[PDB]
Amino acid sequence: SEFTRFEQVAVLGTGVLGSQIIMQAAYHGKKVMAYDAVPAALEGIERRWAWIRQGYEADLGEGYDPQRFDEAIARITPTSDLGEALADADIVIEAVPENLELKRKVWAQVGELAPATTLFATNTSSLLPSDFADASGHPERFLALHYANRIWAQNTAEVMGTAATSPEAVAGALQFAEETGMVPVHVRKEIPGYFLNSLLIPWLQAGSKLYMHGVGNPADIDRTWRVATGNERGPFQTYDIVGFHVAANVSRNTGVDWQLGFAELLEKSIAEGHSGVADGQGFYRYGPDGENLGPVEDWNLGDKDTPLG
């Protein structure tokens, strides 16, 4: 067949990313079922729209029509009933926790309950899509759809099939991404970090490594990147945007001692209320329009040998 009709969207998971994907589709005219199994997760879903509404206002300029936003909110239906979420879905975007057992159970349900014209997309970045594509029962219409953080501003959509994904399904995901304000790109082979994380993770690791071994201050590393390479954002500016919560856990996942100290230092900034752009402060301080106001000085080494000593 083919996948060329995207009027109804089901998103599974209302978390940090889930909510951003829901608002992105809604904001571009699509009706969205916002599914979560636990009613509590949905009771404060309006909190997520408000948080997201600010991001739209700071980052988008003449984009962000507050009415578009309001009517987008009216196109969103929260639900604890998966059969209701799936009933007319032209695409399902699963954004549930990164647990393989959970993915398999969820997708088993989705495969039985959803129409046969429904395109199946998973948002995962910790797992491979082929690890649980079978659980959907329909691998030829199952692929991965990867987003960045603060997706309205950093609006990439990376489409990545398995060896079983039909090309029609790939083209459908690209189409869906185009219709929802995204820059869509085809990741032609199934690999762990798409394009974005494959580029970003070595680069961030090098940046924080330079800092943790006392080779320089975050502003130094970022300025060198910006000027030498003709760019706007160095690693530490990027950390602010990724947010310290993710980045700290990611650093802890390596078990490398210097990455641990990095993660702990991020913790100490989180505890003080500074976890990145979202708080208006991380490695840099920011203004209400998103403006970088300069580096936060207490990261600086002074005459300490490293950040830890």
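Note that these values count all heavy atoms, side chains included, but never hydrogens, waters or copies made by symmetry. Index from 1, following the sequence.
A donor atom on one side chain and an acceptor atom on the other are not found under 3.5 Å apart for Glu190 and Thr162. In this structure, a donor-acceptor pair under 3.5 Å is present between the side chains of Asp222 and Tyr284. Under 3.5 Å, the side chains of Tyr286 and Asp279 contain no donor-acceptor pair of N or O atoms.
Checked against ring pair (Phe, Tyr, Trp, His ring centres under 6.0 Å), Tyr56 has the following partners two or more places apart in sequence or in another chain: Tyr27, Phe69, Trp152. For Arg53, the salt bridge (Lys or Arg N to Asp or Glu O under 4.0 Å) partners at least two apart in sequence or on another chain are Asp70. Remark: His138 pairs with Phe120, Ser136, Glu140, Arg141 by the side-chain contact (heavy atoms from CB on, under 4.5 Å) rule, at least two apart or across chains. In this view, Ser1 satisfies the side-chain contact (heavy atoms from CB on, under 4.5 Å) rule with no residue, not counting sequence neighbours. Shown here are the ring pair (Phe, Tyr, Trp, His ring centres under 6.0 Å) partners of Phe283, two or more places apart in sequence or in another chain: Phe236, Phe244, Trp299. When the side-chain contact (heavy atoms from CB on, under 4.5 Å) test is applied to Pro307, the partners found at least two apart in sequence or on another chain are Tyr211, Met212, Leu265, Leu301. Annotation: salt bridge (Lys or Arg N to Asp or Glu O under 4.0 Å) contacts of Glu158 (sequence neighbours excluded): none. Annotation: side-chain hydrogen bond (donor to acceptor under 3.5 Å, both in side chains) contacts of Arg104 (sequence neighbours excluded): none. Qualifying side-chain hydrogen bond (donor to acceptor under 3.5 Å, both in side chains) partners for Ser126, counting only residues two or more places apart in sequence or in other chains: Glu98.
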Show me the side-chain donor-acceptor pairs of residues 15-26 shorter than 3.5 Å, one per line, residues at least two apart or across chains.
unit_1	atom_1	unit_2	atom_2	d
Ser19	OG	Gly15	O	2.8
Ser19	OG	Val16	O	3.1
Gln20	OE1	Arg150	N	3.0
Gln20	OE1	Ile151	N	3.0
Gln20	NE2	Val16	O	3.3
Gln24	NE2	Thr180	O	3.1

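Test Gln259, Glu267, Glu264 against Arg252 for side-chain hydrogen bond (donor to acceptor under 3.5 Å, both in side chains) and you get one pass: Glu267.
For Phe262 and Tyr239, the ring centers sit closer than 6.0 Å to each other.
Other residues sharing a hydrophobic cluster with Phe195 under the 4.5 Å side-chain heavy-atom criterion for ILVMFWY residues are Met160, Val185, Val187, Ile191, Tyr194.
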- Message: Under the criterion side chain to side chain donor-acceptor pair (under 3.5 Å), I'd like the reasoning laid out for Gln175 against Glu179: C-alpha separation, chi angles, the key distance, then a yes or no.
- Response: CA-CA 6 Å; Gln175 187 204 321; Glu179 284 168 24; 2.4 Å; yes

- Apply side-chain contact (heavy atoms from CB on, under 4.5 Å) to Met33 and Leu86, showing your working. CA-CA 8 Å; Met33 297 294 287; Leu86 266 8; over 6 Å; no

- Apply salt bridge (charged side-chain N to carboxylate O under 4.0 Å, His left out) to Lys31 and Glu7, showing your working. CA-CA 6 Å; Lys31 290 150 60 153; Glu7 297 282 280; over 6 Å; no

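Every pair tested for salt bridge (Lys or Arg N to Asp or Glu O under 4.0 Å) that includes a residue from residues 291-309 fails, sequence neighbours excluded, so the list is empty.
Listed for the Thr14 side chain is no donor-acceptor partner under 3.5 Å among the backbone atoms of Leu42.
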